[PDB]
Amino acid sequence: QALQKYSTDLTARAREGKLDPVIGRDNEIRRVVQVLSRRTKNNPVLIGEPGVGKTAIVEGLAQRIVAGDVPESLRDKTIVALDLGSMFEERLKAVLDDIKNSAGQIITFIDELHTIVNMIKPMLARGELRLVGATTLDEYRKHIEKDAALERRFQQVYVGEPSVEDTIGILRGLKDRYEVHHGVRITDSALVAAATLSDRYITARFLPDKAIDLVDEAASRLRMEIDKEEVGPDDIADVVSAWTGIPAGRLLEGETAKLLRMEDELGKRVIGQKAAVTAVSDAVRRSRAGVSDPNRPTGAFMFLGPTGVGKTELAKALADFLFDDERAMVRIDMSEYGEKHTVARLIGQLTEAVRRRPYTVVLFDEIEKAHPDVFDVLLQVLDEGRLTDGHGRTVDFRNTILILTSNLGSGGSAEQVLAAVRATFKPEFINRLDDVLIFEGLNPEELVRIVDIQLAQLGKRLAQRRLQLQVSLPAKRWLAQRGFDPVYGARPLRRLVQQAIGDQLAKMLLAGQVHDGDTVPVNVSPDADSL
Amino acid sequence: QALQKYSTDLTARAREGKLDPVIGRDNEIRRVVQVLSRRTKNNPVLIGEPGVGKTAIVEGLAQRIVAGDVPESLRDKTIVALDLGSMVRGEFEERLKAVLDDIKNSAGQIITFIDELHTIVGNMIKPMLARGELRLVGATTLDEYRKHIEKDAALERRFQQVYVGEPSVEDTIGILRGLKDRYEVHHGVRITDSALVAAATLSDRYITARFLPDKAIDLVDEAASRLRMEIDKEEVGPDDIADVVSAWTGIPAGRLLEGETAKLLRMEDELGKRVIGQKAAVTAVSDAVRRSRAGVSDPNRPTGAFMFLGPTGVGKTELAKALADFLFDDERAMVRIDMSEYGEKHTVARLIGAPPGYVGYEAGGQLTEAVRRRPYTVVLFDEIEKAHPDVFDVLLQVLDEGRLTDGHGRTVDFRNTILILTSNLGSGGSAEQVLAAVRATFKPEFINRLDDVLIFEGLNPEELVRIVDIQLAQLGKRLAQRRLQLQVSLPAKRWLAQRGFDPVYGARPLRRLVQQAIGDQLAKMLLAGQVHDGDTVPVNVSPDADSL
Amino acid sequence: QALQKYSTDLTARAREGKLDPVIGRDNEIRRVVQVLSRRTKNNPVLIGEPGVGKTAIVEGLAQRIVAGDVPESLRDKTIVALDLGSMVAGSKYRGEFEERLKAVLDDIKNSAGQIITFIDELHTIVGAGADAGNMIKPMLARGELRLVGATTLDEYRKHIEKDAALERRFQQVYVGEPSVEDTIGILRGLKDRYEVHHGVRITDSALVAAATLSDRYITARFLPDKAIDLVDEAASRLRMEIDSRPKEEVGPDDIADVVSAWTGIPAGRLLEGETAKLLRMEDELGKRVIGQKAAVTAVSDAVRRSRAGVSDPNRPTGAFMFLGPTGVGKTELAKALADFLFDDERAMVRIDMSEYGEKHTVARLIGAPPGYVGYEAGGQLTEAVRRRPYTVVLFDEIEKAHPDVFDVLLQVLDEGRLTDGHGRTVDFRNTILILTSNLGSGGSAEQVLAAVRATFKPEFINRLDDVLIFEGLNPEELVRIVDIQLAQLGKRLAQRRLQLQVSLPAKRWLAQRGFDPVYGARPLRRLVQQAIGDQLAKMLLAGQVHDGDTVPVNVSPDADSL
Ligand SMILES: Nc1ncnc2c1ncn2[C@@H]1O[C@H](COP(=O)(O)OP(=O)(O)OP(O)(O)=S)[C@@H](O)[C@H]1O
Ligand SMILES: Nc1ncnc2c1ncn2[C@@H]1O[C@H](COP(=O)(O)OP(=O)(O)OP(O)(O)=S)[C@@H](O)[C@H]1O
Ligand SMILES: Nc1ncnc2c1ncn2[C@@H]1O[C@H](COP(=O)(O)OP(=O)(O)OP(O)(O)=S)[C@@H](O)[C@H]1O
Ligand SMILES: Nc1ncnc2c1ncn2[C@@H]1O[C@H](COP(=O)(O)OP(=O)(O)OP(O)(O)=S)[C@@H](O)[C@H]1O
Ligand SMILES: Nc1ncnc2c1ncn2[C@@H]1O[C@H](COP(=O)(O)OP(=O)(O)O)[C@@H](O)[C@H]1O
Ligand SMILES: Nc1ncnc2c1ncn2[C@@H]1O[C@H](COP(=O)(O)OP(=O)(O)O)[C@@H](O)[C@H]1O
């Protein structure tokens, strides 16, 4: 009985009346009782994630026992925990002496048993103690999923989080826990609104206790700013939003803000490809509202283009818009993932960044550098699980869109491309993706905005010496004349800009007479053009 | 009496009776006794999969020892197990030396027993082993023995492999019916021999991860536990285990009963639930597959080798997908290769990949690599009218005996697959000249080996609202986040027929058109409001487009 | 107190007679002795292939020292069996193994030069690093310690020769495996120890049989212990039989029983029971091949002449090639033979020579040289014969193959040799090679031989035995072929309890249809199935025929009907 200084107790808390009302998980408590009532492979271990309530499952089990629902072999069983706060090995003998002389009626419960697993294992092999456990997936797999001599005594129980409405309904046993400081009146409106905005800041947290973390963050931030008598849903929203957003981020949905337009950056930054851009805009209006399916990447498509049409430019253009930053995208080339020697390297080369900053869109410019094993990797990613890491820490793909702007059948127009797509992408890269689009090559109409943005960039580059260019439409079209060449692309235009303008400009800049502050015009000549 | 700290005593524990009965397996015990009684290369090692009964063999050896059956040379000796988990950077070898010290101080015939020694190895034990003071009964698995106790051993001259594969269904039923009083006393309800047979057979048939001797007892113990917990029908019956195995695997309990005639009788609309029309095709395919399972034909031939043709988009691969969904419990079972780039004489061996050391060797062959794994698939040959006249030699050898040889030298068995050769001949002809065309195009004796050469038929304009309803029933779960329902109107249903058929691609745009139109025209209002999860989401057709 | 917890005493172990009586091997022991006694660098190293008696030489030197049979500067030298696995076991700190080894070295060099040391499997002295196994050099190349060693050639090359400054300090004494007579002498020396360990007797003829049989059949191991293993196994097995089972010695046929129990080869002396089978063979083999009497007696003579002990023990057990018309029974005779002497009609190794139309695909049955894609995989044929070295190899239709595959079996035949990429040889010395063809096919026995003489080359036609010519099918044998096929079908109809009652006109019609003179009996299994099995399934799926009903068949005016 000396365990009172070594271990806590639970068979008396519910008897005296000290407990918390946990509701639900009836099937889980049933599973626990059934597994513990076995001849072999008994004493389960509640596997899950930190902050789901495995302790809640155990205390609910104790409550159910003391109220009385158990079979004959469970006559209240004196359930008891173990305080790891008694730490050396000379005292483990003392705490196990009362379990050895026990008659199998003093079953224990260790929390986070992957720390322990020498001293207890032989006793477990003989079966004088049950030792209900609790651990997490990664750690469980790391420690006791490789020693098959101990997988003989441990039948795992998988636990998930309760639903959103379930958390809402269970919240009524928390009305007085935290908000007893500034006496702000709790309202059911803000209560149901708190967990509603669960993916405004971070999706690494969970529902049952991390929603409470959110609520307490909100209470603290209110009591810090207003130092009102009521809690406000949009105010909790501003709490959770003022850090994944500088002006408290985006407000309520109001899709007319950024996504209805979709071309302010795209249509004026990527000249051409109008059909592809309109199509992907329609696609992201149909998709970017949680309005496609259960947890998918919520975006996947492909389209076609040769060199010199602006595929990389569209990729880097949508970056500054889709999430209003530079790292809103990751572009992966498989110039390394081409053989089976490397398919394991990304499980992980990408995982570091994609887990640290899950605010990026995944890009694979070409599959003419890829292997059919990354095919199955991404297939399992799509709709059959978010991700599985070789170490065990899994990272969801919530704000990631799948793109391929390939030159797969660019020589052909509409039929060769479609046949080559249906062929080269064997595993289901057709049925679960979205539409496959096309490009609109450099056209005499689509050259004016090109030259305009090029000259704008050259000007902002020249602004460090306080020079400005007066570009007239004569030269604006004389360059466009000999810069069409729709086999190579805009790089002839850029090189011609550099040569014609910059070579002479940089000769005269050190030849005097163009001292800083001046302004230079453009004047077409028969074969050249002067400044 | 020195360091009994990190071990057990299977003999002393047997002196009281804590151990189980070990019924059966009376040959491996004698083989172990025989190897343990040599002069050199003694101390055997048991080899088998997990949970087959190696520890059980050692327990039975100890029990026959304590009762008295072995020769006197082995009699009067004890056994000890060892724990590779409680020991294990460094100081593990110090502990190992501490143990082998107690062994050398025993200096007798106190046999040891190590479990999964391929974690240990090395050259620390070999001197002590090749001197005659310890005996080493091992236990491990074949593949790990081959990688750890074969490559760097140099003591493979000291180890003898004993094989224990796994029992059969009958031996497992005997194991169970002998190991029956234990659970009947632990929980205590009742157990029927019918339930034992059901456990063995269901486990063997559906559970493929684990193996018989313990995979079977899991079901019995779980059934007893759940029956005991139910009392919060005083016996466990053969139906009282279908429930447990269904809870385990997923398939409902109705399917996990008679499934050899009850499943052939369902080759009715259970296929037609997925494919619409084509009743002659469905009947012919169903009957052809139904008579192959009878059991009177030669056992080396695929399960079905029919080819069908006609217009595209009329449901030609949908029948294949549905047939794979019903028979093989998966719709990702058809492997589809395009017979358009197999036109040259050099690209015929591209679907095997013949030699070692050449360009395409580790990529296997397109046909043989997809069947060596999942040897229960369905094979489609799109556009067979464009193949070089040497593919047919391979495709004719495969269906004369269900075997083939890939490049690595392996042999793959085709006698559980279903072959299907699509085509598109007869763009204009209905049923009269396409037959002569497909007879003249291919060799005449090649068709003589196939099954029915049934010809698909056009889609009745009446039989298109069927496909429309299938599309809408599928779409009835895309707006499942906010429970927003869908509106239905027969004119709009028959509106998609004309502007979606395009009678040169069958019904290919019936998916893209519907999804783009409705999804895009709705996404705006699904956020703007004007409809919530209590409304039909009113929709109809404008003179030009589909109105909201 | 340092070299007594990290070493045992081989000489003290020899004094109590806990060693074995080394027999022979005087050259190697003399060389070890005369190298162990020079001025500097007196470190011999026994080297050789595994199992040929390298430790026995050192134990013999120990027994000789104890007996006093050595030169004057070797008497009372107390050789010591050092071990390193026990000095590296507990040491996890800076400089904890260094002093442990330094104490041993100081104790060896403290006493006078009488501590001859013995490290077995010395390739393990190269590690211990983290400057280790390297402190020993100054004493090695000065004659301070003697260090008799022993290791295998492969381990030597891999570990020690990478340290060309340390190899210099060792003298290689090459140990080669002994011959059959030397092994017989060794066994005669060691017999009386096994005769005491087990409670049985062992016969000198049994020893001779062990040393001889273990040399023809077990070709992956080496002799001195390859031969002892058989004797040990047979003795233990006979003792296990005598006990526990309610004429007392091992003889030259128990060894045959063991050497056939593993390696599968039927080596022995034709114990009664199968001699009757071998005598009654041309008809027990004729229960499946009708006709071709000349091509069955040849195979039967090969098999009998092989197992009777009169045949060249270094050449395959038969290298026939039989060719003739189409659908005559060539492949079927090969399969019937494989079924006769294996009982598993699919236990043979057949390769389809119609797939070798391209010169480069020979690498399927050879492998790939070092440095190419599939190198450690091996070759199909080589790896198929290395295990189960008793099969029947079959080359079907060997005229479609490019005429450069006729050059590899040019020496597979006539010697039973073939080497793969790794350069190791397998022996086709117990197989039966059979390669069929279809040259001629419409000529007499003279113009069909002229096609062989024009397709193959003289040094290839000269390697193989009888070139058998299969004859044409007589119209009186087709009935028996139909009986064979119908019996096969009936035996298939045994998962039910169906039967058949085929009539004489039915059999005659079946024999008449599908025997065309150009394609032999080829279109007959297909016809039997088409005309019986289909409407036997139809009339079984739709009831009206149930298990038990012996259904008859007749010849109703048109094509056959039930
Ligand atoms: N439609 C376009 N809009 C904007 N820039 C374009 C366009 N077409 C070409 N360019 C420019 O042409 C150059 C080509 O680079 P990018 O288009 O970004 O790379 P890319 O399109 O992937 O070409 P490849 O295929 O890699 S050679 C860049 O300076 C682009 O800005
Ligand atoms: N012949 C047998 N008689 C009785 N029980 C048996 C027999 N064979 C197997 N079992 C049971 O099958 C189960 C398997 O136990 P083990 O023998 O420990 O399995 P294993 O082959 O040792 O694999 P490991 O060691 O767990 S990885 C036990 O419950 C045994 O009691
Ligand atoms: N000349 C010999 N005289 C007597 N017995 C011998 C002789 N040579 C070998 N043997 C015996 O045959 C067996 C060979 O064992 P070892 O000599 O230890 O093999 P080895 O030469 O050490 O090869 P490795 O690499 O150590 S496995 C032992 O049982 C020896 O007693
Ligand atoms: N003498 C025979 N006895 C029994 N069956 C025979 C006989 N001759 C032919 N057959 C049958 O004929 C069929 C084919 O015979 P095979 O010998 O396999 O063909 P083949 O002799 O290899 O000729 P090819 O050129 O290789 S097709 C099989 O069903 C055999 O059973
Ligand atoms: N179903 C539930 N009923 C009551 N409280 C719950 C429930 N789920 C989560 N909780 C809350 O979470 C806490 C228990 O979490 P805990 O089991 O300690 O998480 P973990 O086991 O992951 O460390 C309790 O304080 C409780 O308020
Ligand atoms: N009998 C049918 N039942 C159901 N859908 C059908 C049927 N016939 C055609 N379809 C539909 O027609 C379209 C044609 O696609 P697919 O099955 O791939 O045919 P194809 O072989 O012509 O490519 C699909 O949407 C398919 O569902």
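Residues numbered from 1 in each chain as written, not as in the entry; some residues may be left out. Chains lettered and ligands numbered in written order. Part of a larger assembly, values for the part shown. Heavy atoms only, no water. Residues with missing side-chain atoms left out of burial classes, pairs and counts.

### Overview of the site of ligand 3
So, point 1. Around ligand 3, a shell composed of 13 residues is seen, among which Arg157 of chain B together with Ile23, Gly53, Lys54 and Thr55 of chain C lie nearest.
So, point 2. One finds residues of chains B and C in close proximity to ligand 3.
So, point 3. Between a nitrogen atom of ligand 3 and a main-chain N or O atom of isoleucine 23 of chain C, the distance comes to 3.0 Å.
So, point 4. Residue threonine 55 of chain C places a side-chain N or O atom 3.0 Å away from an oxygen atom belonging to ligand 3.
So, point 5. In isolation ligand 3 exposes 640 Å². Once the protein is present, 85% of that is buried.
So, point 6. Within the residue set of the shell around ligand 3, elements represented by two or more residues are α3 (55-67) and α8 (180-197) of chain C. (Near = heavy atom within 4 Å. Polar contact = N/O pair within 3.5 Å; in protein donor to acceptor, adjacent residues only side chain to side chain. Areas by Shrake-Rupley, 256 points an atom, 1.4 Å probe, with all protein chains shown as cover. Helix = DSSP H or I, 4+ residues; strand = E, 2+ residues; numbered from the N terminus.)

### Here we look at the interface of chain B and chain A
So, point 1. Taken together, the contact between chain B and chain A spans 31 residues of the former and 34 residues of the latter.
So, point 2. Three residues stand out in chain B for area buried against chain A, namely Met229, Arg332 and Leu527 of chain B, and they jointly supply 19% of the buried area on that side.
So, point 3. In this assembly, chain B and chain A are joined by 5 salt bridges.
So, point 4. Counting across the chain B and chain A interface gives 5 residue pairs in polar contact.
So, point 5. At the level of elements, α4 (84-87), α9 (181-186), α11 (212-230) and α22 (509-528) of chain B are the ones that each hand at least two residues to the side of chain B that touches chain A.
So, point 6. It is α22 of chain B that provides the largest number of residues to the side of chain B that touches chain A, a total of 7 residues.
So, point 7. Of the residues assigned to the side of chain B that touches chain A, the class counts are 5 nonpolar, 9 polar and 17 charged. (Contact = heavy atoms within 4.5 Å. Buried area = accessible area lost by both parts, 1.4 Å probe. Salt bridge = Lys/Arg side-chain N within 4 Å of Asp/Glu carboxyl O. Nonpolar A, V, L, I, M, F, W, Y, C, P; charged D, E, K, R; others polar.)

### Brief notes about a nonpolar patch on the surface
So, point 1. On the surface, a cluster of nonpolar side chains totalling about 210 Å² of accessible area is made up of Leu82, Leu84 and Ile116 of chain A.
So, point 2. Take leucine 84 of chain A: its relative accessible area is 36%, and that puts it in the partly exposed class. (Patch = residues over 30% accessible without salt bridge, like charges linked within 9 Å, V, L, I, M, F, W, Y side chains within 5 Å. Buried < 20%, exposed > 50% of the residue type's maximum accessible area, 1.4 Å probe, protein only.)

### With respect to the side chain of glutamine 529 of chain C
So, point 1. By the secondary structure assignment, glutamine 529 of chain C is in helix α21 (residues 525-541).
So, point 2. Residue contacts for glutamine 529 of chain C: discarding those within four places in its chain leaves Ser297 and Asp298 of chain B together with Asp534 of chain C.

### Details of the UniProt feature "binding site: ATP 1" in chain A
Residue and element names in this part refer to chain A.
So, point 1. Mapped onto this structure's residue numbering, the UniProt feature "binding site: ATP 1" falls at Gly48, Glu49, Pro50, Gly51, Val52, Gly53, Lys54 and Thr55.
So, point 2. Tracing the chain through its elements places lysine 54 in helix α3 (residues 54-67).
So, point 3. The topology assignment puts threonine 55 in helix α3.
So, point 4. Under the relative-accessibility criterion, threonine 55 is labelled partly exposed at 42%. (UniProt positions renumbered as here; feature names shortened; annotations may be inferred.)

### Some words on the UniProt feature "binding site: ATP 2" in chain B
Residue and element names in this part refer to chain B.
So, point 1. Here, the residues flagged by UniProt with the feature "binding site: ATP 2" are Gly310, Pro311, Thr312, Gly313, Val314, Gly315, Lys316 and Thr317.
So, point 2. Inspection of the secondary structure assignment puts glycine 310 in the loop between β6 (304-307) and α14 (316-327).
So, point 3. Beyond its immediate sequence surroundings of up to four residues, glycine 310 is in contact with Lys316, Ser423, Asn424 and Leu425.
So, point 4. Tracing the chain through its elements places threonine 317 in helix α14.

### Digging into the interface of chain B and chain C
So, point 1. The interface of chain B with chain C comprises 43 residues on the first partner and 45 residues on the second.
So, point 2. At the level of secondary structure, the elements contributing two or more residues to the side of chain B that touches chain C comprise α2 (28-35), α5 (92-106), α13 (279-292) and β9 (403-405) of chain B.
So, point 3. Broken down by element, the side of chain B that touches chain C gets its largest block of residues, 4 residues, from α2 of chain B.
So, point 4. Tallied by class, residues from the side of chain B that touches chain C come to 11 nonpolar, 12 polar and 20 charged.

### With respect to the site of ligand 4
All names here are of chain C.
So, point 1. Around ligand 4 sit 13 residues, and of these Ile290, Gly327, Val328, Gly329 and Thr331 come closest.
So, point 2. Within the contact set of ligand 4, an oxygen atom lies 3.1 Å away from a backbone nitrogen or oxygen of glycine 327.
So, point 3. Contact with the protein chains removes 84% of the 630 Å² of surface that ligand 4 exposes when unbound.
So, point 4. Classifying every residue of the shell around ligand 4 gives 4 nonpolar, 5 polar and 4 charged.

### Description of the sheet that holds strand β7 (residues 334-338) of chain B
All names here are of chain B.
So, point 1. Ordered in space as β6-β11-β8-β7, the 4 strands form an open sheet in which the pairing is parallel. Only two strands of the sheet have a single neighbouring strand rather than two, namely β6 and β7. Averaged over all pairs of adjacent strands, the angle between their axes in this sheet comes to 15 degrees, without regard to strand direction.
So, point 2. For β7 and strand β8 (residues 378-382), the ladder comprises 5 bridges, and the chain directions are parallel. Across the sheet, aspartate 338 pairs through a bridge with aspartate 382, a residue of β8. (Pairing = 2+ DSSP bridges. Axes fitted to C-alpha atoms, helices over the stretch in contact; angles between N-to-C directions.)

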